There are 2 protein chains.
Amino acid sequence: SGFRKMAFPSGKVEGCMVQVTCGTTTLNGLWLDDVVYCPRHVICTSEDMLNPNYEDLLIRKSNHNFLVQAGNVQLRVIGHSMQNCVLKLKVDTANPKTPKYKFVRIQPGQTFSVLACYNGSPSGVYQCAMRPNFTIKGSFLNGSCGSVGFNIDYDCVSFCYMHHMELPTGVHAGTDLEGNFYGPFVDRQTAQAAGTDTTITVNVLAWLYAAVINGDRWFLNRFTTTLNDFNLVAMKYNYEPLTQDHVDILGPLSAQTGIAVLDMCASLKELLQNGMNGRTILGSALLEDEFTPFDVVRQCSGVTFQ
Amino acid sequence: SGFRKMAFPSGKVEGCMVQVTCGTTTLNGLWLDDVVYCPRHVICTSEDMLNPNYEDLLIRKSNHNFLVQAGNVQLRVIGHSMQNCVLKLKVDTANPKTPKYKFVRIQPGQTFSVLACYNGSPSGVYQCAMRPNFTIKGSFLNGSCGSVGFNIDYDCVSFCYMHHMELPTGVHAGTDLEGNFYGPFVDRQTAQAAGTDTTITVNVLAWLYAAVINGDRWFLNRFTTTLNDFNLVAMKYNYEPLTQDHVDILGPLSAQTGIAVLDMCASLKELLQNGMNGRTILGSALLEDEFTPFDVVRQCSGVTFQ
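Calculation criteria
Residues numbered from 1 in each chain as written, not as in the entry; some residues may be left out. Chains lettered and ligands numbered in written order. Part of a larger assembly, values for the part shown. Heavy atoms only, no water. Residues with missing side-chain atoms left out of burial classes, pairs and counts. Helix = DSSP H or I, 4+ residues; strand = E, 2+ residues; numbered from the N terminus. Rg over C-alpha atoms; globule rule 2.2 N^0.38 Å. Contact = heavy atoms within 4.5 Å. Buried area = accessible area lost by both parts, 1.4 Å probe. Salt bridge = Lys/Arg side-chain N within 4 Å of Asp/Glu carboxyl O. Polar contact = N/O pair within 3.5 Å; in protein donor to acceptor, adjacent residues only side chain to side chain. Nonpolar A, V, L, I, M, F, W, Y, C, P; charged D, E, K, R; others polar. Domains from an automatic or database assignment. Pairing = 2+ DSSP bridges. Axes fitted to C-alpha atoms, helices over the stretch in contact; angles between N-to-C directions. Least-squares fit on C-alpha atoms. Buried < 20%, exposed > 50% of the residue type's maximum accessible area, 1.4 Å probe, protein only. Parallel < 35°, antiparallel > 145°, perpendicular 65-115°, else oblique. Left-handed = near helix turned anticlockwise from the far one by under 90°. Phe/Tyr/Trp six-rings, centres within 6.5 Å; stacked < 30°, edge-to-face > 60°. Disulfide = S-S within 2.5 Å.

The name the PDB entry gives chain A is 3C-like proteinase nsp5, with Severe acute respiratory syndrome coronavirus 2 as the organism. In the PDB, the entry goes by the title "Mpro inhibitors of SARS-CoV-2".

Structure below.
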């Protein structure tokens, strides 16, 4: 029993983190086989951050303008190319610690682990969700750009996030590992804002199921609701709409607990309309939305990874 | 910016986890140099869990009664001995992935990362505190015994916890790596209870400082309090007493923010007496007590580990 914000074991990713230095800028890169992936703004100077033209900046660079350090070992750059907002540095050594891996672009509402790094050295690991507005509520300081987010599936690391920037509200924006930003953000230091966020309804429901799996039942009721009527109340509380496909995903948790999805929706409805009345669920006084249905099944049943 | 429940990178520990099997019981072990550490109740049978005499059970075992599996490789046991509640299996191969490490017995209020494992395979990583009643609020399922908790300091892994059992309230009890339980608990399946817990006052204060570091100031006030008068209010709310030594530890955070410790105590006092009035601090509607002053400095300033 218990329910924690659980990240994936980070060792397979730790073995891939390196330091990339170009001119006066140092950040993190991801070293897989003989390629180092890092944010393209490594080639930016403090005077070129306002509106850089990266193609023009990069054609002015040579291979030897890029210092890649893996531990206390210098890797030699033998090619470079830009893909969207990431730079790909070909190095002359393949990383012997390369795990089995894929690159995946995730949907908002999905969660992932972040290995926060500075100077190519891992600092900590924590769990994140991609918010509906395509920011993440990370924990990142200067020098963290290039830190990656990932899920692990048996033995395969699916990289889904590379950190690029912090927004004025203190949330974070970045790219998939092919360099495409999540959301409307661009890698220039101009006025940008997150856009209104919403609560991930299907995730809150999964976490209510987690609470029931772990013996919490105080918040249930004898009511039910239609999907339509639930969504009318969700909208009022800034929850995003629950789809039939969300309902289908919650099937396994429904079956394990004996609580119809729409009945758990009626319980959520009541929690939205009445609050929690000084009570807690799984040690939280807020309705938690950063666990997916998969996360709950993984933790309440115990899937490992080799 | 941001503030997350941040665990240490787990890779140095992942490389130490193994599967220990004796008879019908399988659990996790920690493989450092040529010794495998695991809970001594691996030698217990389903009929010997009520009140086992471990010395009598273990003298009946041979080296070959212990199966140690590291990955898809079988390690041969060449000695065994019991130290308190842990068994130490001498194996004929030293773990080539042994990090620099120490064993440390921690004080209640201290935090650590837990690498939850099943069948010697890491499942997830999360951050824990040792509660004042010497339980931890973990997330553990059958088969998790022998999973370890740790801190990392530059390059050195300080193991401080090995998981042994779940209590009826769903919290967890275990030992240091020398096999001494935290708290009054014993490794037998008899009536045991956690004992009344309290909130870790110095940690709540650190987290209030974290909030200020990150730009939250709504909860401050213009009052101050004496240490004596603060402690009179803390007791009423089941907070443990704040000591002058707690005050001293909070010095660096005090100096970084310009807020005297006793002034932050007056802010805490007010939050205890008035509640949070529908407001949140660092994304929590509860006063959070599982970050130490060290944890806050580490995350809000960015210490790495090699």
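Some words on the overall build of chain A
Counting secondary structure elements, chain A contains 8 helices and 13 strands. Computed over C-alpha atoms, the radius of gyration of chain A comes to 22 Å, within 12% of the 19 Å expected from 2.2 N^0.38 for 306 residues, which places it in the range of a compact globule. The principal-axis extents of the C-alpha atoms in chain A amount to approximately 70 × 45 × 30 Å. Within chain A, counting contacts between residues at least 6 apart in sequence, those at least 24 apart form 65% of the total.

Describing the interface of chain B and chain A
Each side of the interface is counted separately: chain B has 47 residues, and chain A has 47 residues. Taken together, both faces of the contact between chain B and chain A bury some 3200 Å²; the carbon and sulfur share is 50%. Scanning the region where chain B abuts chain A turns up 2 salt bridges. Our count for the contact surface shared by chain B and chain A stands at 33 residue pairs in polar contact. Looking at the side of chain B that touches chain A, the elements with two or more residues in it are α1 (11-14), β9 (111-118), β10 (121-129) and α8 (293-301) of chain B. If one sorts the elements of the side of chain B that touches chain A by residue count, β10 of chain B sits on top with 8 residues. In terms of residue class, the side of chain B that touches chain A is built from 18 nonpolar, 21 polar and 8 charged.

Considerations on the domain arrangement of chain A
All names here are of chain A. Per the domain assignment, the segments of chain A are domain 1 (1-14 + 100-197), domain 2 (15-99) and domain 3 (198-301). Using C-alpha coordinates to define each centre, domain 1 is positioned 19 Å away from domain 2. Between domain 1 and domain 2, the residue contacts involve 36 residues of the former and 27 residues of the latter. When contributions to the side of domain 1 that touches domain 2 are tallied by element, the ones reaching two or more residues are α1 (11-14), β8 (100-103), β9 (111-118), β10 (121-129) and β12 (156-166). Element by element, the count of residues in the side of domain 1 that touches domain 2 is highest for β12, at 5 residues.

Some details on the sheet that holds strand β6 (residues 77-83) of chain A
Residue and element names in this part refer to chain A. Spatially, 7 strands are ordered β5-β4-β1-β2-β3-β7-β6 in an open sheet, and the strand pairing comes out antiparallel. Every other strand in the sheet has two partners, leaving β5 (73-75) and β6 as the edge strands with one partner each. Strand-to-strand, the axes of this sheet are offset by a mean angle of 30°, without reference to chain direction. Of the strand pairs in this sheet, strand β4 (residues 66-70) and β5 are connected by 3 bridges, and their pairing is antiparallel. What sits directly across from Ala 70, in β5, is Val 73.

Topic: the relation of the copies chain B and chain A
Mapping chain B onto chain A calls for a screw motion: a turn of 180° about the axis and a shift of 0.0 Å along it, with 0.0 Å RMSD after fitting. Between the two chains, the operation in question is that of a two-fold axis. Considering only C-alpha atoms, the part of chain B nearest the rotation axis is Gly 11 of chain B, at 1.7 Å. A share of 100% of interface residues in chain B that are also interface residues in chain A marks the association as one of identical surfaces.

Structural notes on the sheet that holds strand β1 (residues 17-22) of chain B
Residues and elements named next belong to chain B. Strand order in this open sheet of 7 strands is β5-β4-β1-β2-β3-β7-β6, and the pairing throughout is antiparallel. This sheet does not close on itself; its edge strands, each paired only once, are β5 (73-75) and β6 (77-83). When strand polarity is set aside, the average angle formed by the axes of neighbouring strands in this sheet is 30°. Note that β1 and strand β4 (residues 66-70) share 4 bridges and pair antiparallel.

Overview of the pattern of salt bridges
On inspection of all chains with the given rule, the structure shows 22 salt bridges over all chains. Notably, a salt bridge pairs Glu 290 of chain B with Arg 4 of chain A, separated by 2.8 Å at the nearest N-O pair. Within this pair, whereas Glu 290 of chain B is found in the loop between α7 (261-274) and α8, its partner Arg 4 of chain A is found in the segment before α1, the two belonging to separate chains. Residue class for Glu 290 of chain B comes out buried when judged on its relative accessible area of 5%. For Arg 131 of chain A, the salt bridge goes to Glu 290 of chain A, with nearest N and O atoms at 2.8 Å. Taken together, the residues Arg 131 of chain A in the loop between β10 and β11 (148-153) and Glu 290 of chain A in the loop between α7 (261-274) and α8 (293-301) connect sequence positions 159 residues apart.

Digging into the packing of helix α3 (residues 201-213) of chain B against α8 of chain B
For any two helices packed against each other, one specifies the inter-axial angle together with the distance between the axes. Residue and element names in this part refer to chain B. Between α3 and α8, whose axes approach to 8 Å, the crossing angle comes to 20°. By the angle class used here, α3 and α8 are roughly parallel. Seen along the crossing, α3 lies across α8 with a hand that is right-handed. Every residue of α8 that contacts α3 at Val 202, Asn 203, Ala 206, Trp 207, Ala 210 and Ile 213 is listed here: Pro 293, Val 296 and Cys 300.

Describing the environment of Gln 189 of chain A
Residue and element names in this part refer to chain A. Considering the arrangement of structural elements, one finds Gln 189 in the loop between β13 (172-175) and α3 (201-213). Residue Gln 189 is classed as exposed on the basis of its relative accessible area, which comes to 54%. Between the C-alpha atoms of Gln 189 and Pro 52, which are 137 residues apart in sequence, the distance is 9.1 Å. Contact partners of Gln 189, with chain neighbours within four places excluded, come to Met 49 and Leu 50.

Considering unusual backbone geometry
Residues and elements named next belong to chain A. In the Ramachandran plot, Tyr 154 falls in the positive-phi region, its phi being about 40° despite a non-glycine side chain. On the secondary structure map, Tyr 154 appears in the loop between β11 and β12. Judged by its relative accessible area of 52%, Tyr 154 falls in the exposed class.

Some words on the packing of aromatic side chains
A full pass over the atoms with the stated rule returns 18 aromatic pairs over all chains. Arranged with centres 6.1 Å apart and planes meeting at 65°, the rings of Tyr 126 of chain B and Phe 140 of chain B form a pair that is edge-to-face. Residue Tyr 126 of chain B is found in strand β10, and its partner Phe 140 of chain B is found in the loop between β10 and β11 (148-153); the two are separated by 14 residues along the sequence. Look at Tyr 126 of chain B and you get buried, because its relative accessible area is 1%. Relative to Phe 219 of chain B, the ring of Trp 218 of chain B lies with its centre 5.8 Å away and its plane at 85°, an arrangement referred to as edge-to-face. Given a relative accessible area of 2%, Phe 219 of chain B falls into the buried group. Linked through ring pairs, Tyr 37, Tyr 101, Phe 103 and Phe 159 of chain A together constitute an aromatic cluster.

Notes on the state of the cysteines
All names here are of chain A. Inspection of the entire model under this criterion finds 0 disulfides over all chains. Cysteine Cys 156 is unpaired, with the sulfur of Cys 16 as its nearest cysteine sulfur at 12 Å. In this structure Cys 156 comes out as buried when scored by relative accessible area, which is 11%.

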